[PDB]
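Here we start with a single chain on its own, the form deposited in one PDB entry, put down as structure tokens.
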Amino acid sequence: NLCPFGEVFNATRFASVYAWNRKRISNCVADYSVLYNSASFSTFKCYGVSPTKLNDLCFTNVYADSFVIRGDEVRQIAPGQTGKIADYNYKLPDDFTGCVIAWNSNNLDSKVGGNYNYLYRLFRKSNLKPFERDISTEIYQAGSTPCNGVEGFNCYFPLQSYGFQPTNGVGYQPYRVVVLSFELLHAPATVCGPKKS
């Protein structure tokens, strides 16, 4: 009974990074080594664990977080990183245990004239906590003067479209990202690597 990773990796549309999706996976066999050795993924980095170790471990739940960012932001999906994605959109803990997977999605997520569906948060009063998801849309007050519902000097809308076009340079092309995290509860540990099965 193989984990339905297809539903996450092969989804026709992905979330905007500010409104990132989380899929719970349970009651199945996960082959992390087959994922790791796949040529479909150009980024595959594990923290606190490796794919060989995950092949020999059982968890209660696995979470697959997924979203789209531009290529030059892929480096921000790691512990201890700064920049607008890590600070304001999607944050890993310093002590992260799990895997960051990414691939170029220019053929799916870019459009002639721009794909404006994908957004990210450009501004926030403080940094996100790990695994926090902020979908708020209030004017960002960049200075001491209240905005009172009006955009202008130091009063900005907090979300920005990417507008992916196929001709973008690779740093500005869309990348699909999946982050795997692992949960152990006092409950049956029903997500297992093939060795612990």
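Superpose the two forms; the largest set of C-alphas matching within 1.5 Å is the rigid core. Numbering starts at 1 and follows the sequence shown.
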Report the stretch with the higher mean CA temperature factor, choosing between 54-62 and 133-141 on the basis of the entry. 54-62
Could you check the entry and say whether 185-193 or 20-28 has the higher mean CA B-factor? 185-193
Highest Cα B-factor in the PDB entry belongs to which of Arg75, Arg121, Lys91, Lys125? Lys125
Would you mind ranking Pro166 by its C-alpha B-factor against the rest of the chain and naming the third, lowest, middle or highest? highest
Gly48 - Cα temperature factor, lowest/middle/highest third of chain: highest
Going by the CA temperature factor in the PDB record, which third of the chain does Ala39 belong to: lowest, middle or highest? highest
C-alpha B factor of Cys99, ranked within the chain: lowest, middle or highest third? middle
Based on the deposited C-alpha B factors for this chain, I'd like to know if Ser33 is in the lowest, middle or highest third. highest
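What follows is about the form deposited in another entry, which we do not show.
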Displaced position between the shown form and the other one, chosen from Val29, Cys58, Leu128, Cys46 (C-alpha, 2 Å or more, rigid core): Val29
How about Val170 - superposed on the rigid core, does its CA move between the shown form and the other one by 2 Å or more? no
Is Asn148 one of the residues whose C-alpha moves 2 Å or more between the shown form and the other one after the core fit? yes
